[PDB]
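This report concerns only the one structure given below.
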Number of protein chains: 2
Amino acid sequence: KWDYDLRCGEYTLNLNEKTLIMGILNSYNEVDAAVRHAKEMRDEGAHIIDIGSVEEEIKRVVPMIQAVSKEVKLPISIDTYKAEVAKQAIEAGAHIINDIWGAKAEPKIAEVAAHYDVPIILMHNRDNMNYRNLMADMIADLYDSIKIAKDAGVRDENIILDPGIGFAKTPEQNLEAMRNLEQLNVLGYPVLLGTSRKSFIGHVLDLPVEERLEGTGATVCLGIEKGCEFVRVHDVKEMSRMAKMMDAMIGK
Amino acid sequence: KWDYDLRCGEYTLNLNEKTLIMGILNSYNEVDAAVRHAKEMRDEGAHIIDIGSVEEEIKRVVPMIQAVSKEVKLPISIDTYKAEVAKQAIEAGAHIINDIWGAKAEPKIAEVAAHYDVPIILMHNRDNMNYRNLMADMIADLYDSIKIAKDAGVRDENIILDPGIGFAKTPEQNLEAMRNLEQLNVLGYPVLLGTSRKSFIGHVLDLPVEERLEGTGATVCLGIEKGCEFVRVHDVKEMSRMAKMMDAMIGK
Ligand SMILES: C[C@@H](C(=O)O)c1n[nH]c2nc(N)[nH]c(=O)c2c1=O
Ligand SMILES: C[C@@H](C(=O)O)c1n[nH]c2nc(N)[nH]c(=O)c2c1=O
């Protein structure tokens, strides 16, 4: 039981009633195609919209946040690691930050987070696979992200963790991170799991990307059962139903 | 780790390498439509074909077992509780018995099992929902099926258990049986979970029977993670992929 609510400016996310679904989002053609998708996702049971060099990243992602935040009543996270991109995106209307490098590629991003008082997702990442002991190094690695974030003024309650499935991990190390996901819980934070349609599901099932829906389901179910608060997925309709059935069962 | 193989006459089922999928099966039109389905199921990753008053039950189910056992190289279980039906069906070519009353409606069925030396599935069932303590009563109830079976000469290794999801249980008691499935393990037997498309998935998701595929997935994943050796499903293709992803993850 979490004794607090995820505070996202306009919207508030309760961490106890259900698994929160974060749906992944793909001029006028671009921004409209994006709005249709957010609306669809919003309608299929999504609770959050995730919207993915420096000059161009802003020119592409800012227009989308303006449009989607205006027409879809749901918190928006900006899928970046660059400090400037993150600032611009929160100004444009993004509620959450989602950094795939856990404040380590550009430490100043954390200072953006503390500044605007927004929730931040620190994902596990690194430039090698040379682990002593996978889980233990992960936990040490994520904790290093927490220290960078805390030193920057980010409040405990605006911190979210993500084990970084599919990053800096071999096919077999990804299964291992899955199998030991509950250990992440000892750190005392909400956990977002992002496994959708990823390579390692292909490697187990020997299936191409468009046929990984049942594989993704598996990983989502396993992760909810191991205590995750969020899941980041492509197939919002399917995964929402799966999440809700899980939640019924574990008694959430 | 099971230190023995499920022995089914012609075929042998290993209990350690993977989750075994049992696929549910629906004159010339009848028996041919049935054969197409078994073949399809066999091709989608099924490991076992499950084939569902006394006079007519034999006339309908015997022809199917003859045909399917001849054209599909996979063990067949007969989904009955009647003693005579079970005998006739094993003569017709059925390898396993699947009793939904756990030897309690017709105790003589167990004697059929001991006689032909075939594996038997004892499912939990009863004519009321008046539980003191759900799980505990289940375990006591199933154990009563084991005592009837053992007294009849059924060998420990030919015994399989099934918690009886959807039987004699309220919507909320079914979620509870799911949430506590691992307790069944203490009895020392293989466990078959059968939740496919059932009413309680409808009650949680508020979805009709043809839209319960993601709900069923959830229950299958939860059950594998809680140590089940079999799952009995309609949607063989989808559930096989889900099972295999689970198995990769739990390290099975
Ligand atoms: C790799 C990419 C993707 O959608 O596959 C991705 N981007 N951002 C991501 N952010 C987080 N927090 N987690 C992810 O798994 C993840 C991704 O998998
Ligand atoms: C009720 C029916 C069905 O397919 O839904 C059924 N028949 N036989 C069954 N046998 C076993 N061992 N388990 C079941 O859940 C089960 C069923 O659910």
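Quick note on labels: first sequence line is chain A, next is B, and so on, each numbered from 1. Scope of the values below: all heavy atoms of this structure, side chains included, with no hydrogens, waters or symmetry mates. Counting starts at 1 for both ligands and their atoms, following the listed order.
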*Is atom OH of B:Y81 surrounded by more than 12 heavy atoms (other residues, nucleotides or ligands) closer than 6.0 Å?*
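No, because the 6.0 Å sphere around OH of B:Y81 holds 12 heavy atoms or fewer from other groups.
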_Tell me the closest heavy-atom pair linking A:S77 and A:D50, and the distance in Å._
OG-OD1, 2.7 Å
_Strictly below 4.0 Å, N to O, side chains only: are A:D79 and A:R232 in salt-bridge contact?_
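Salt bridge present between A:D79 and A:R232.
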*Exercise: do B:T80 and B:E57 side chains pair donor with acceptor under 3.5 Å*: yes
*Using the ring of each side chain (for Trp, its six-membered ring), is A:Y11 parallel, tilted or perpendicular to A:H95, with breaks at 30° and 60°?*
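Because their plane-to-plane angle is over 60°, the rings of A:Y11 and A:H95 count as perpendicular.
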*May I have all residue pairs that pass side chain to side chain donor-acceptor pair (under 3.5 Å) and include part of residues 190-201 of chain A, sequence neighbours excluded?*
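The answer is A:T195-A:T219, A:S196-A:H234, A:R197-A:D235.
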*Who's touching ligand 1 if we go heavy atoms under 4.0 Å?*
A:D79, A:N98, A:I100, A:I121, A:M123, A:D162, A:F167, A:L192, A:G194, A:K198, A:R232
